[PDB]
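In the form deposited in one PDB entry, a lone chain appears below as structure tokens.
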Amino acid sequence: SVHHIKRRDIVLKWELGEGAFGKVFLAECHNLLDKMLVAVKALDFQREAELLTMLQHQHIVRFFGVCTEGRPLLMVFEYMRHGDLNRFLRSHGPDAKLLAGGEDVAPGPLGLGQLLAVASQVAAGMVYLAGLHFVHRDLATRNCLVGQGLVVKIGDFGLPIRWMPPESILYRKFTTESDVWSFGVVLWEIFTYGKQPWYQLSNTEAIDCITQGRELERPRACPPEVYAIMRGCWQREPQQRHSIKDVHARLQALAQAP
């Protein structure tokens, strides 16, 4: 049951970005729980809207429903103030510069506790998805969002070969194990402050690496116990990869006393 919202309630403020299938706006929304700030996507989709009303968890971006009074078609989510995880990582990071939100999260590297908190949070969402035998197919920092207080949530569902395991690239097999592999890559992105996997290489060269069994470099940040978790996710054989529940456990263990 999709919550339908009225147009008069949603007043657009400014545009945040432009994603795959249209504009994303910051908005005031009235009478949704008083007036608060939400993120509104724009221009079937009812299949997707039902899915998002189905998938509720602490670490999946809150979906508040749709507006299909007039056009174009609106999907209303919570405003995740800091935007996507990829650009947030990058905004902190060695030689970066923060352009806003420094009052909430300090300018500069995040350091081990905060990076482990980021990894944990993503993993928590993946545990939820594995619980429902749901396969993401595109887990990546660009598809996570970051709100007030450094709280991180899986942001989008639906090519991304550098995050995929060999069975997904060669055979198009997507499973909860191929998502675990991607989560290993997400760990790498977090611990490199948002570098692209195989940044050195063309798309074709990176497929060749992945399929020949070459492992992404250990990041300069990375403690050996964190790099171990990545390698847990990257076993050539799907069967042999750590479960996402095990991975979340380990991460939450490290996050206290890093």
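Heads up, when I say rigid core I mean the largest set of C-alphas that superpose within 1.5 Å between the two forms. From 1 onward, residues are counted along the sequence shown. Residues that one form lacks are left out of the comparison.
The protein also exists as the form deposited in another entry; that form is not presented, and the subsequent description refers to it.
- The one residue among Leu98, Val151, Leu112, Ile169 whose Cα position changes by 2 Å or more between this form and the one not shown, with the core held fixed by superposition, is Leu98.
- Shown here is a form in which the CA atoms of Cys222 and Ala100 lie at least 3 Å farther apart than they do in that other deposited form.
- Relative to the shown form, the CA atoms of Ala100 and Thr192 are brought 3 Å or more closer together in that other deposited form.
- Residue ranges 19 to 21, 97 to 102, 156 to 158 are the runs of 3 or more whose C-alphas all shift by 2 angstroms or more between this form and the one not shown once the rigid core is superposed.
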